[PDB]
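>
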RNA sequence: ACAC
RNA sequence: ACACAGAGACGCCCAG
RNA sequence: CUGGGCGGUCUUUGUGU
RNA sequence: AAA
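Numbering (UniProt numbering), first residue to last: 1 to 207, 219 to 396, 406 to 1424, 1433 to 1588, 1595 to 1614, 1624 to 1809, 1820 to 1937, 1967 to 2056.
1) Please report how far the alpha carbon of residue 1993 lies from the alpha carbon of residue 963, in whole angstroms.
2) Within 6 Å: the Cβ of residue 478 and any heavy atom of the ligand SAM?
3) Would residue 1654 and residue 1669 qualify as a contact pair, given that the criterion is a beta-carbon distance under 7 Å?
4) When you compare only the Cα positions, how much space is there between residue 166 and residue 110?
5) Would you identify the three-state DSSP class for residue 499, choosing helix, strand or coil?
6) Considering just the uninterrupted stretch of the alpha helix (DSSP H) at residue 1606, what are its terminal residues?
7) May I ask you to report which of helix, strand or coil DSSP gives residue 701?
8) Considering residue 722, what are the terminal residues of the beta strand (DSSP E) in which it resides?
9) Tell me the rounded alpha-carbon separation between residue 688 and residue 1496.
10) Express the C-alpha separation of residue 1089 and residue 954 in angstroms, rounding to a whole number.
11) In chain order, what residues of the same chain lie with their CB nearer than 7 Å to the CB of residue 938, ignoring the 5 residues before and after it?
12) Could you give the residue range of the alpha helix (DSSP H) that holds residue 1275?
13) Take the Cβ of residue 882 as the centre, count every other Cβ of all protein chains shown within 10 Å, and call the residue buried at 16 or more, exposed below.
14) So the alpha helix (DSSP H) residue 1141 belongs to, where does it begin and stop?
15) Grouping DSSP H, G and I as helix and E and B as strand, with all else coil, what is residue 115?
16) Just to confirm, are residue 946 and residue 817 a CB contact at a threshold of 7 Å?
17) Which residues bound the alpha helix (DSSP H) around residue 1726?
18) Spell out a yes or no on whether the stretch 1140 to 1156 and the stretch 638 to 651 are touching, meaning 3 or more CB-CB pairs, one atom from each, closer than 8 Å.
19) Identify whether residue 850 lies in helix, strand or coil by the three-state DSSP scheme.
20) Pick out the complete alpha helix (DSSP H) segments inside the stretch 768 to 839, 4 residues or longer, and give them in chain order.
21) If you follow the beta strand (DSSP E) that residue 1026 is in, where does it begin and where does it stop?
22) Are residue 38 and residue 204 close, meaning C-beta to C-beta below 7 Å?
23) Of all the options 250, 1885, 515, 1478, which has the alpha carbon lying nearest to the alpha carbon of residue 1291?
24) Taking the C-alpha atoms as reference points, what is the distance between residue 2077 and residue 1852?
25) Where does residue 706 sit, in a helix, a strand or coil, going by DSSP?
26) Using DSSP's beta-bridge definition, name the partner residues of residue 981.
27) Taking the Cβ atom as the reference point for each residue, do residue 748 and residue 1194 lie within a distance shorter than 7 Å?
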């Protein structure tokens, strides 16, 4: 009954003892069984245990009666669970805790019992049970459970000083207890009786990576959704339809007939809508289309004018801020004027209070008018110790009335006649005939781009000084020219206006939180400008009101145009009426100057204008810049809809014959109330563009392979421009703020959208998944079509994947669900607390609903005893089923698209939904054409398609594309259909749970905002015009009946649709099924169509969720063939919209069908080879910051936003200008225009430039966004006093400098930045403290983390560690702190007035300021006077080698001397890889620390290498100790959390940047030909020269003897350093070993090769046969072995491959001494060489240790690989076909290569060729001057080429020129050279009854016929296969090619290249040009 | 940051 | 002034 | 009909990459 | 030369 008694029943002796197995047998005459009940429901297994029968031996004492609960997850092991429910420990312990770590790979195997016996000894007891009625099973179990632990315990006890260790395996069964301990027979009999009870319970109830599989399998097998309850609970939830759909086939007659009907309907609509028979011509068809567009537009205009307020002339500005540009100056308060404060009284109410304020200020105090610079100096110097000016004016009644009209004090004057009049008139729509000429005149003529002549001003001087201090790192003239361009942009008329507007908004944001008494006003002066603002602050949520007053003798300049609102004139002064802004609108105002700078820079770069040249602006720049200015200032949600729709509108001109552009479709969304002038102007321009593009398609102009579109134009302005400018002009509206506050008068559109499809729900359920339908109405579908689509996708997946795909999918989903934890849930996402309580209004009117985070629910679940995710599914399901509904809350996120309808989710619903989401995500990852779970397929389907069509069809193939969308993708997908498709794509076990989960979605009670219901219930009268408002009001008040109400409740019921987002993969899988069925149908129709001649074609489908693209390519043979094929493909693509309603899709009207060489899948516009992605969208989002605890993380986020701009296609100069704008934004949020003490902070920053102290690191101009914050930090450390400060800090960390208390930056953030500066306070911790004390976490988590540092690298063992990790995640600097947020930027910028001088920055107890911290560091960093040694740097910056390599390339390109050249059409997305993980480290720091402290195999180094890496890490930190506890006491930290953060934060990361440009060391090409569009930058060691030589040495026309001779010469002449100790496949070590083999300046060559490879010396003694996969890549299949020497042993590893898998095999060894190091090294080697371990070895004979999953197998158990124990003068150089193999010529039959070297195309540089050419009298290639032009990149002119041709002749031989090599070398090189400028082409039964409009001839009249237009394929795959040749970037004979072209005209050999004829006799003129080929 |  | 094919906000709580 | 002090105030951000 |  107690473990300690039987534990102490043993004797203690030296060494491990396995005991003696004692056989037991029952003798006590067990009477029978107690009361046993099985009640397995979904919530668990409740077993009722009665009183045991009375026994003669009185057994069953500890089986006392009661109720015991067993979870369904832990039901696969119930016999063992209940057998030992007694003496089992109430804790769990790992072997690494009680025993020293040996790194043997079996130290994580936790046993059942680890008992620290009371004699200071250790014992282990392992339970076991066998279900066999004999002793043989007992013996087998005893043997297995003794071999599982006999050896590792011996390994750990050899080290242990006291070997007092005993092993305690008990083999319990039905018959006997085989044990090596002396057991009391009563206790043994009791345990046997418990096992018998558990066995009978298992019978009556059943009716590391393997445990999760078993748990999930047992749960899903035993889980029982109450379907009988479910049907009565949720509608349409019967399993009968599901099993019928699974059972019955698809009726082929129904599918056939429906296909015929839909196809003829599509044909009829195409004929009658796109202007077909009676036969017309394209001109008159376009004229009729234009007339139809005119008719529809005038109908819309009439329908909008009918609902307007007439009033053709109306006055209100579109930018409600005054147009004045004042000259900045020093801070001063001048009040008195010439006329005095007596003329201001007689000018109105505004003048009255503007005189009152000035009278109060002048005859009073100026405190609060401006922030004093002295009052805060005393509080900045000091330690541990906002004041707005307030005045109440006279306020006559008329003035109060006028203020109440404009919003000020406007609530008490609510029922006045004038106020009610204004309220009546404010709800009146305007008219599209508004006569808007002010805006049109403004966007042609405006002074915005004129310079303001304001170069020297205080804000400009401060920003310029900061810019120069940033630029101090890079003094190149390139940087100065870009900085002068930025200064010139900064001096413009519009940015000098936006600077004071941003200052005004920054002052207003801080003033917003302040509150005033009734009648009070606040007067403020802008910092640098003589502008006075009177501020009336309401509640912070409410609007804040401002009036602006200026001297009017200081208004030096005014922005031109009538768009700005009018200003009251007070005589001397200019005043403006009070205007209103709230928090959301403020974001655009603060960010206006950066926005305008990014816009002028973007458009200047777009229009070919370089930054360095200064020119008069053109018209188009004014248009775009003014439009951005206007739309940014107005910030209204209706305005940006028009431009986003003009995107779709101008996507119609790419539609080709036989269809006409039909843009008028978009008018169904343009019908919306227009309440401003800019909206009317946008509507008018949009309709004019609509008419223009309806009257004429965008012309396609074929060229010599190139295809272009012409006639493209701006939507909102007349000017015609390039296609890129139009595509980027579409996105302009994105400048408007994405997040805007939703008022209570809104959200009615949301409820209208939700319930719109609810009314149209069908009542007969026969068509909702039961029967087959033709033309369903709004929600129905046909199960035959659904089954056909899912069967087609099943066939496609089974073709793509293996035939066992379902079994592996089941294993995948079970492993995913089983490994899920509760802690992996939560993640601080909002949930819904809607329950039965809230469902009754006026019960809940008193209390206020609050949404809560999932973290609290997960805390309650953790305290509930639930640890895995699968243990809480049953309780959540029961809670849902006991409620009969799922509860959903609502929020209105605003998206740059239309609008979002976000549905929040209840915690239990989320728990149930997560499982089916994972189940659908796995099958989506198995799909071959989806993108959401397969990110790869997005760029590998639309780009492979050109290559695939090239193979399948042939050269000169015409492509047709479609772009399909969905307009009602959220509501319309009836849950039955999703459940049917999903259950079709699953095994049978999952089907029940899946169906039950989807059945929950049938009823979705959604909470309506209680504040909205407060005013809905208070007004029983409906009034209004929109019928939905009246419907909801009547339904609530009950004088109407709708399904979606229940007579006075707070929930709107809903039966249809899948809520937006919560199902993201089931509907994606459905859409993939639809796309696959469409592809199959298209293939079937293409194989037989148009009279039966098979139109050769390929169709490739791609889909996400709603956006999809169908692409069909064809290759015709004649004009009639071309036109008929194009018409047939057009019909196939047009039938999609008609076939779609058979599924629940409902094709959108924003789709684009029948486009030739254009496709827009996911906003990536592929216009033939040109790939266009808008950069304006990411340039607009450049300056949206996130809240930061530290200060360097803000700059890191800025860097991420800049890098995203770089991905968008922005030029490097543009990227640098955007970062210059970001600098200004960072300093403005820091306080550059609010805090008086900023100047002192600026001076402090100049002396000490430090990241995380407010200094901004500026990137190099040539490479701007490619390199993250780490590279900038490294460069500044190399070349500033930041190196001194970092060295000081790392001396504090190393411990050689005390520097106690303040300083000691012992904490680091992401991106390798360490600082002790953090503003934890962040405007207090009320919400944080509420979250902390609401959850029952232990507030002493650091004390248990210190004593148990194990849980920082392990997933989960027990609940206490789960609670510790939860407490860690609830105190993380980012995960919990950042998540709480509203509008981030105003909240941040409001802190700019106290951040600089107040106590906010904690020392990472007391708080201080930025100034205080800088003054404290002013006596530390300067005083330190050190530097960074290379070890210190190479652990502060592990990637330093790549950093200096990149910096060398960047340093080379500085000079601004270059040529504008011709632009490149091809334009693709290359992935240049930079800053790869360095190889000379062998591991990372955190995983190495985990290996040393706990023995977790995260690194792949073993005991010797582990010890070496630990030795150098000790060299880094002398107080690092193996034992984790001794490290915390010595090391300068506070807890293992701080140590873990510090270790993990500074590391090497695999940086990768994608780009957009010409296809492609490779960094230099991007540096040159990406700086500006159409401008090469034209910039003017030892191993680079060696690489450049050896590339053409191995790849060249030379002879093998001459090859190796010049190899030896090149190795001897150059100087190569000694090799290093790398861990992976490197080439520098191979070059060094190759050099040292010949120089012989070291030891034995084999030893150096062995140690260079970290102890590995071997190769493929028996290689494997090579097969070429489609793309090259010779793969290794067959039988082969690998022989070498690992760790002073002899290995013969055998490899076997059959397909794309290279699973390993029998591992032959030579001794058992160092198996573990051999295993680690062999794993490393197999990872580098591409050898996995999945297939178990076929061998099953004699073996000792198996190998499966690259893990140690303790036993032969789980059969794997049979690991069997059982001349430095013959080496040479093979040189045998461009591989420099060395070989050992090991025992006869094998050659055993040891080193390889493959010269690639990258290793070519300009300098090396010139230096070799000059040093021609230094090597052996100086002779044969026709050669060494193959080694050095030369240009062979007429005489040199004549010399080469004379040398060639027919057949001549030289020393090493060989024969038949010059032929193919010249062929490849010069065919590629001729391909550069052109010349040689690159890589060369629903029938329509044959009716015909005019035999499809007049339909295509005047068309650019394309089947003879030599058009090329498009796709990054086709630009790579053209560059796949090893000789592309060579200029061997290019002048020869241009002279050939000049000789033979443009045509010349166009014949001979195509068909052999030029004039049949040319001979001596161009004979060598033909000798080159034939 | 994007897409629902 | 914001929001709106008229729902709201234009300050909230307490004391007299 | 006048005064006062409070207030990341309130939740405002779901699902996946 | 295997991604």
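Ideal Cβ positions, reconstructed from N, Cα and C, are used throughout, including at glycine.
Taking the structure as given:
1) On the first chain, residue 1993 is found 1911 positions in, with the first residue counted as 1. On the first chain, residue 963 is found 943 positions in, with the first residue counted as 1. The alpha-carbon atoms of residue 1993 and residue 963 are separated by roughly 16 Å.
2) Of the ligands one can find in the structure shown there are none, so the ligand SAM has no counterpart to examine.
3) In the first chain, the residue the question calls residue 1654 occupies position 1611. In the first chain, the residue the question calls residue 1669 occupies position 1626. No.
4) For the purposes of this step, residue 166 is identified with residue 166 of the first chain, where counting begins at 1. For the purposes of this step, residue 110 is identified with residue 110 of the first chain, where counting begins at 1. The straight-line gap from Cα to Cα measures roughly 16 Å.
5) Taking the first chain and counting its residues from 1, the one referred to as residue 499 is at position 479. Correct three-state label for residue 499: helix.
6) Numbered from its first residue, the first chain carries residue 1606 at position 1572. Where residue 1606 is concerned, there is no enclosing alpha helix (DSSP H), given that its DSSP letter is neither H nor E.
7) Mapped onto the first chain, residue 701 falls at position 681. In the structure shown, residue 701 sits in a helix (DSSP, three-state: H, G or I).
8) Here the question's residue 722 lines up with position 702 in the first chain. Counting along the chain, the beta strand (DSSP E) containing residue 722 begins and ends at 719 to 722.
9) Taking the first chain and counting its residues from 1, the one referred to as residue 688 is at position 668. Taking the first chain and counting its residues from 1, the one referred to as residue 1496 is at position 1468. Distance between the alpha carbons of residue 688 and residue 1496 is about 36 Å.
10) In the first chain, the residue the question calls residue 954 occupies position 934. In the first chain, the residue the question calls residue 1089 occupies position 1069. Cα to Cα, the separation comes out at about 12 Å.
11) Counted from its first residue, the first chain places residue 938 at position 918. Cβ within range, chain order: 833, 836, 837.
12) By one-based count along the first chain, residue 1275 stands at place 1255. No alpha helix (DSSP H) holds residue 1275; DSSP gives it neither H nor E.
13) The residue given as residue 882 occupies position 862 in the first chain. Looking at its Cβ environment, which holds 16 or more other Cβ atoms inside 10 Å, residue 882 is buried.
14) In the first chain, the residue the question calls residue 1141 occupies position 1121. It spans 1139 to 1159 - the alpha helix (DSSP H) in which residue 1141 sits, taken as one unbroken run.
15) One-based indexing of the first chain puts residue 115 at position 115. DSSP places residue 115 in strand when its eight states are reduced to three.
16) Walking along the first chain from the start, residue 946 turns up at place 926. Walking along the first chain from the start, residue 817 turns up at place 797. Yes, the pair counts as a contact, with Cβ atoms nearer than the cut-off.
17) The residue given as residue 1726 occupies position 1683 in the first chain. First-last for residue 1726: 1715 to 1729, but that is the beta strand (DSSP E), not the alpha helix (DSSP H).
18) no
19) The sequence position of residue 850 within the first chain is 830, counting from 1. Residue 850 falls in the strand class under three-state DSSP.
20) 768 to 779, 803 to 820, 825 to 838
21) Here residue 1026 refers to the residue found at position 1006 when the first chain is read from its first residue. It spans 1024 to 1027 - the beta strand (DSSP E) in which residue 1026 sits, taken as one unbroken run.
22) For the purposes of this step, residue 38 is identified with residue 38 of the first chain, where counting begins at 1. For the purposes of this step, residue 204 is identified with residue 204 of the first chain, where counting begins at 1. Cβ distance < 7 Å, so residue 38 and residue 204 count as in contact.
23) Locating residue 1291 in the first chain gives position 1271, counting from the first residue. The shortest C-alpha separation from residue 1291 is found at 1478.
24) With the chain covering 1 to 2056 only, the question about residue 2077 has no answer from this structure.
25) In the first chain, counting from the first residue as 1, residue 706 sits at position 686. Residue 706: helix per DSSP, three-state reduction.
26) In the first chain, residue 981 corresponds to position 961, counting from 1. The partner list for residue 981 (beta bridge, DSSP) reads 1131, 1175.
27) The residue labelled residue 748 in the question sits at position 728 within the first chain. The residue labelled residue 1194 in the question sits at position 1174 within the first chain. Yes. Within cutoff.
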